[PDB]
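Structural overview
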Amino acid sequence: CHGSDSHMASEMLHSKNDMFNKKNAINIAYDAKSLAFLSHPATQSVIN
Amino acid sequence: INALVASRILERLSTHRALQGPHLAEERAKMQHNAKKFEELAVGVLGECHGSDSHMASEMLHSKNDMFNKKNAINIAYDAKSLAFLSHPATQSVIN
Amino acid sequence: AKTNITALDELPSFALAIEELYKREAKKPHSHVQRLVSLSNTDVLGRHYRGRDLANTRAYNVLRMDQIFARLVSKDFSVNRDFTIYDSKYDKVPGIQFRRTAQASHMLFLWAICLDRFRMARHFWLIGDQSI
Amino acid sequence: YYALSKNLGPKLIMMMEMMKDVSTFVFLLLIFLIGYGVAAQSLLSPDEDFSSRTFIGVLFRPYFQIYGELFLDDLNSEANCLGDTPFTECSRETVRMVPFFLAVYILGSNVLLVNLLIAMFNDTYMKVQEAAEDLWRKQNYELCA
Amino acid sequence: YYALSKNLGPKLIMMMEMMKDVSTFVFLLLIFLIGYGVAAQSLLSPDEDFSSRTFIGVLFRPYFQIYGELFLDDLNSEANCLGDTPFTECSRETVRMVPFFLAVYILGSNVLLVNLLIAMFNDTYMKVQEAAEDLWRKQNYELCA
Amino acid sequence: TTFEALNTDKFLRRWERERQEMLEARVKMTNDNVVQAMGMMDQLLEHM
Amino acid sequence: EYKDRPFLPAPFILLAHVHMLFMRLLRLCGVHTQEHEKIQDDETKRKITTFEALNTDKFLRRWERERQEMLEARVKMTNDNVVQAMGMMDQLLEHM
Amino acid sequence: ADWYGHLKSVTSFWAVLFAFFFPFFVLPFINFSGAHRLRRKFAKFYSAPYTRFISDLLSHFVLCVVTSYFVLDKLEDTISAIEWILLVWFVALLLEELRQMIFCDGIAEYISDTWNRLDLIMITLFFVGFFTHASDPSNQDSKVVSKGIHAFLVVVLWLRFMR
Ligand SMILES: CC(C)CCC[C@@H](C)[C@H]1CC[C@H]2[C@@H]3CC=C4C[C@@H](O)CC[C@]4(C)[C@H]3CC[C@]12C
Ligand SMILES: CC(C)CCC[C@@H](C)[C@H]1CC[C@H]2[C@@H]3CC=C4C[C@@H](O)CC[C@]4(C)[C@H]3CC[C@]12C
Ligand SMILES: CC(C)CCC[C@@H](C)[C@H]1CC[C@H]2[C@@H]3CC=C4C[C@@H](O)CC[C@]4(C)[C@H]3CC[C@]12C
Ligand SMILES: CC(C)CCC[C@@H](C)[C@H]1CC[C@H]2[C@@H]3CC=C4C[C@@H](O)CC[C@]4(C)[C@H]3CC[C@]12C
Ligand SMILES: CC(C)CCC[C@@H](C)[C@H]1CC[C@H]2[C@@H]3CC=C4C[C@@H](O)CC[C@]4(C)[C@H]3CC[C@]12C
Ligand SMILES: CC(C)CCC[C@@H](C)[C@H]1CC[C@H]2[C@@H]3CC=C4C[C@@H](O)CC[C@]4(C)[C@H]3CC[C@]12C
Ligand SMILES: [Mg+2]
């Protein structure tokens, strides 16, 4: 996703999903204790 | 000289104001990578020269080129911040 | 067999097939799935309230499993299911076959996560959407 | 607030990881400190009733002698030895063993345990440097949130 | 003029690289030094007006105690404790906590931070040794020019 | 949703291509091809 | 070490010592006891023997399969197959 | 599994230590494995190697603290009560060492372990110091020589505590 279109990937990461009471994928990743996802440059770019 | 110029232009473009942006990161990386590769090429050709005839290679490294206001290739390499070219035994032999 | 619960009776055939798959997997000796269901302490709808015949003949339904997986993941998982789209009256809708596929794959995906069959899990993950 | 910085934050995470090694060092050091302190305190001042000062004497000098500040002048004064050479011509012959016990003790603490702690720190550092960077990126999100 | 030599020059480049790690150590050390110094200075001499001497007392002893020179005799003299055992029979009972704070402090500085600095130096050395040699060959050209 | 499913398909194609370019996989695939080649030679010898 | 040692701690282990001494005196002089002895049936012994030989065979099959999946073995086996393939081509050329 | 005996593997150091200190208040409310019920639970919990190992540690820790207290406190003009308690304690330790000597796989196997050698040094130092003091209890010099020997014992018992 970050390779194809970084801005569209950022829009994807900022998108609220109904399945976890309307909050985004990074919160889900933090709740899942996924260290690898959080350390990725795309996720870090969205956080910055 | 073309490999040093190519390495310098890609390195300067990778930190230029026109290349900063969230979507340009991979592009920047690619430029830096290509720069490094060209630097390696410049070392390789230089190494071949030193392998064939070291004295003639020294004459080549001491030759003044008109394209950078009449001064030699080692000054060009220093200006291009090419650490690999400067650390080569042929270049070090000319400096010694 | 027919059931008095309206929530259980609205469920399609493939959901009962996944329930049959869970039952078949559960019937094997020393299976961790049966231990998880027994330790969960929930009713037929998966609600944390802890008759008996309905609670034993249909102990491995998909809603209860959804509640158990929901409690394992986080504090706010609530999957919204719509089994009304599997009726023949919604056939004229263009994109319904993708959604219908996705939902089905998702339920089977969760079943494949429960039995720790990584290859099926990966395959059901491929067919559906919301990969990440 | 050091966690925002790319240098101070992962080093802080590595320091919190070392704390277990520091605690391990404290547990190993406790054996020599209590043993040498009770033994040395009894040898320096015998025939004395137990009090709170005895316990303070057990704890005070042994702990601070492993950092190189030796109380040998103070121990020489407490031993009541009047000779020009320090642990000679004493009233009791047993108190002359006080530097010998110490000789074993600082060999146990500085020569052996401190260098072992250095080895544990280098190994621990190499093991958890990448994990500290990953955990720092997670704590970056934690600060942002 | 050490840069011409094949031994002293790359080691100087490595030393300039370490300076960031030294600065990092100073930033970590500053927390304990200022905190322990203000706390310890207040405990030793209470009910005193603030002056420049208070600030000098905050900065002077904590910094030099991490290199093993302990001022325990000087702290004992300032605490006005007249007992044979040093931190006993004092006018105020709070000043007897002065060695305990110190006990935490040098554990923080010598046991924890210094050994961590040793680990950073070994890792940093292994990372930038080849780069130091390459940079030395560039500085060789710089001297020649 | 369309972007994410396209990038999912793209990653699977790239991952499959990368796993086929490994040395172990190439040696195994080359080995099976050489086994089938021996089978075809047996068929050729039968025709002879 | 701690399986055969008595349970009772050090000030109170004298009671345990005199209890063991009392049992030793009752067994040697008195001969009023006969301890405890438990055996195992032949069925479970043959079950352990059958299980162990099956797992031995399973490990040998897995070990053989693992040694055939190594890169060196595959290259060597591939090489011998290519040598036999050349032999079959020589036979084919003879037929031609 | 042999270590925990008939007990669940999730048991911690503090839980078993608390159950040892409070037998009638922590044992019925724990999960593991009438006269034949209470006796069965007591025989299962206390037959485990882990509980006796924890008891031996705690016992050796008390021995170190009490013996350390004994060496720091002044000797009396006769043999004190704490000296008699420590004498009974070290005989018991000596009998345990003899039991270890008889029931092992030879004298060589026993003496191979460094901790058994340390145990012999403990018993030898204590008896020399005790007989040195007990030879002339009113003599000040005997007390001084005895405390000098007993400094070495405290050093070995804290070293022996690392086992
Ligand atoms: C194996 C190790 C731990 C045991 C070491 C032996 C110790 C306990 C023995 C060996 C020699 C002994 C010393 C010999 C002579 C004297 C002089 C006397 O006026 C006071 C006691 C004193 C100072 C003895 C103290 C105890 C002593 C140090
Ligand atoms: C215990 C192991 C490590 C080694 C044993 C060495 C011990 C027993 C030795 C080494 C140094 C010795 C001391 C050296 C000097 C003197 C002064 C003398 O007038 C009385 C004995 C006395 C006080 C000795 C007692 C025994 C001693 C402490
Ligand atoms: C390489 C190193 C380990 C050498 C070993 C040093 C040993 C042998 C030396 C260093 C300091 C010495 C002690 C210094 C002072 C005294 C007091 C004196 O009244 C008796 C001997 C005694 C107790 C010495 C015993 C031997 C001693 C412990
Ligand atoms: C969690 C940590 C940081 C808190 C530690 C508790 C501190 C603040 C408390 C606990 C016990 C307290 C001490 C208890 C008794 C006395 C004696 C009194 O004559 C002077 C104050 C003094 C010396 C107190 C000072 C404050 C004290 C040390
Ligand atoms: C803060 C954490 C790390 C541990 C807490 C330990 C603190 C609160 C303890 C440890 C040592 C203690 C001190 C030890 C001795 C004395 C002398 C007494 O007459 C008054 C209290 C005083 C001055 C104590 C105050 C509290 C103290 C400082
Ligand atoms: C293994 C290491 C960490 C052991 C820990 C050492 C601790 C427990 C010891 C070492 C030095 C000791 C301090 C030394 C002196 C004094 C002054 C006295 O008036 C009160 C107690 C107090 C403040 C002590 C408290 C406990 C203390 C801090
Ligand atoms: Mg033993």
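Procedures and definitions
Residues numbered from 1 in each chain as written, not as in the entry; some residues may be left out. Chains lettered and ligands numbered in written order. Part of a larger assembly, values for the part shown. Heavy atoms only, no water. Residues with missing side-chain atoms left out of burial classes, pairs and counts. Helix = DSSP H or I, 4+ residues; strand = E, 2+ residues; numbered from the N terminus. Contact = heavy atoms within 4.5 Å. Nonpolar A, V, L, I, M, F, W, Y, C, P; charged D, E, K, R; others polar. Axes fitted to C-alpha atoms, helices over the stretch in contact; angles between N-to-C directions. Parallel < 35°, antiparallel > 145°, perpendicular 65-115°, else oblique. Left-handed = near helix turned anticlockwise from the far one by under 90°. Expected span 1.5 Å × (residues − 1). Salt bridge = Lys/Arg side-chain N within 4 Å of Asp/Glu carboxyl O. Least-squares fit on C-alpha atoms. Disulfide = S-S within 2.5 Å. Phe/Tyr/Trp six-rings, centres within 6.5 Å; stacked < 30°, edge-to-face > 60°. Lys NZ or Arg CZ within 6 Å of the ring centre and 35° of its normal.

As documented in the archive entry, the model was determined using cryo-EM at 2.73 Å resolution.

Structural notes on the overall build of chain B
On a plain count of helices and strands, chain B comes out with six helices and zero strands. When the helices and strands of chain B are listed from N to C terminus, the series reads α-α-α-α-α-α. Overall, chain B is about 50 × 25 × 20 Å in size when its C-alpha atoms are taken along their principal axes. Counting only contacts in chain B whose residues sit at least 6 apart along the sequence, the fraction spanning at least 24 positions is 58%.

So, the interface of chain D and chain E
Contacts between chain D and chain E engage 28 residues on the former and 32 residues on the latter. Going through the elements one at a time, helix 1 (8-44), helix 2 (52-65) and helix 4 (98-144) of chain D are the ones with two or more residues in the side of chain D that touches chain E. With nine residues, helix 1 of chain D is the single largest residue contributor to the side of chain D that touches chain E. Here the side of chain D that touches chain E is built from residues that sort into 20 nonpolar, three polar and five charged.

Notes on the packing of helix 2 (residues 23-47) of chain F against helix 3 (residues 71-95) of chain G
Between helix 2 of chain F and helix 3 of chain G, whose axes approach to 10 Å, the crossing angle comes to 25°. As the angle between them shows, helix 2 of chain F and helix 3 of chain G are arranged roughly parallel. As helix 2 of chain F packs across helix 3 of chain G, the resulting crossing turns out to be left-handed. Of the residues contributing to the contact of helix 2 of chain F with helix 3 of chain G, the split by class is 16 nonpolar, six polar and four charged.

Regarding helix 1 (residues 13-30) of chain G
If you check helix 1 of chain G, its first and last C-alpha atoms are 24 Å apart, about what 18 residues at 1.5 Å a residue would give, namely 26 Å. Positive phi shows up at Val-31 of chain G, right after helix 1 of chain G, with a value of about 55°.

Regarding the packing of helix 1 (residues 2-14) of chain B against helix 2 (residues 25-52) of chain B
Between two packed helices, both the angle of their axes relative to each other and the distance between the axes serve to describe the pair. Residue and element names in this part refer to chain B. Packing of helix 1 against helix 2 leaves a shortest axis separation of 8 Å and a crossing angle of 160°. By the criterion of interaxial angle, the relationship of helix 1 to helix 2 is roughly antiparallel. With respect to the hand of their crossing, helix 1 and helix 2 are arranged in left-handed fashion. Counting all contacts with helix 1, which are made through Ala-3, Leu-4, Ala-6, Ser-7, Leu-10, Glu-11, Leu-13 and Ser-14, the residues of helix 2 involved are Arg-28, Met-31, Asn-34, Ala-35, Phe-38, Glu-39 and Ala-42. Across the contact of helix 1 with helix 2, the residue classes break down as nine nonpolar, three polar and three charged.

Description of the pattern of salt bridges
One salt bridge connects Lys-143 of chain H with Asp-47 of chain D, and the closest N-O pair in it is separated by 3.4 Å. Remark: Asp-47 of chain D occurs in the loop between helix 1 and helix 2 and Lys-143 of chain H occurs in helix 8 (residues 140-160); the pair is interchain, linking two chains.

So, the interface of chain B and chain E
By a frequent convention, interface size equals the accessible area lost on bringing the separate parts together. Opposite the nine residues of chain B that make contact, chain E presents eight residues. Looking at the side of chain B that touches chain E, the elements with two or more residues in it are helix 4 (73-79), helix 5 (83-86) and helix 6 (89-95) of chain B. With three residues, the top contributor of residues to the side of chain B that touches chain E is helix 4 of chain B. Grouping the constituent residues of the side of chain B that touches chain E by class yields five nonpolar, four polar and no charged.

Looking at the relation of the copies chain D and chain E
With an RMSD of 0.0 Å, the fit of chain D onto chain E corresponds to turning through 90° and sliding 0.0 Å along the axis. Given the turn and translation reported, the copies of this chain are related as if by a four-fold rotation axis. Scanning chain D for the C-alpha nearest the rotation axis identifies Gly-68 of chain D, at a separation of 4.0 Å. An asymmetric contact is evident, with only 11% of the interface residues of chain D recurring at the interface of chain E.

Considering the state of the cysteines
One disulfide bridge connects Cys-81 of chain D with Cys-90 of chain D, the sulfur atoms lying 2.0 Å from each other. Judged by the torsion about the S-S bond (105°), the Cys-81 of chain D/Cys-90 of chain D disulfide is right-handed.

Let's talk about the packing of aromatic side chains
With a centroid separation of 6.4 Å and 55° between ring planes, the pair formed by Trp-111 of chain C and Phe-124 of chain C is classed as tilted. With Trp-111 of chain C in helix 6 (residues 96-114) and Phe-124 of chain C in helix 7 (residues 118-127), the pair connects residues that are 13 residues apart, well separated along the chain. Joined through ring pairs, the aromatic side chains of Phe-60, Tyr-63, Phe-64, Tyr-67 and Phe-71 of chain D together with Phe-87 of chain E make up one cluster. For the cation-ring pair, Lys-41 of chain H lies above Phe-32 of chain H, with the distance from its terminal atom to the ring centre recorded as 4.4 Å.

Observations regarding the arrangement of the chains
Among ten pairs of chains with at least one contact, chains D and E form the most extensive contact set. At the C-alpha level, the nearest point of chain D lies 23 Å from chain F, with no contact between them. One thing to see here is that chain E and chain H don't touch, and their nearest C-alpha atoms sit 16 Å from each other.

Comments concerning unusual backbone geometry
When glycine is set aside, most residues are seen to have a negative phi, and most peptide bonds are trans. Notably, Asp-47 of chain D is not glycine yet its phi reads approximately 55°, a positive angle. A positive phi angle is found at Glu-89 of chain E, which is not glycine, with a value near 55°. By secondary structure assignment, the location of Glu-89 of chain E is in the loop between helix 3 (72-78) and helix 4 (98-144).

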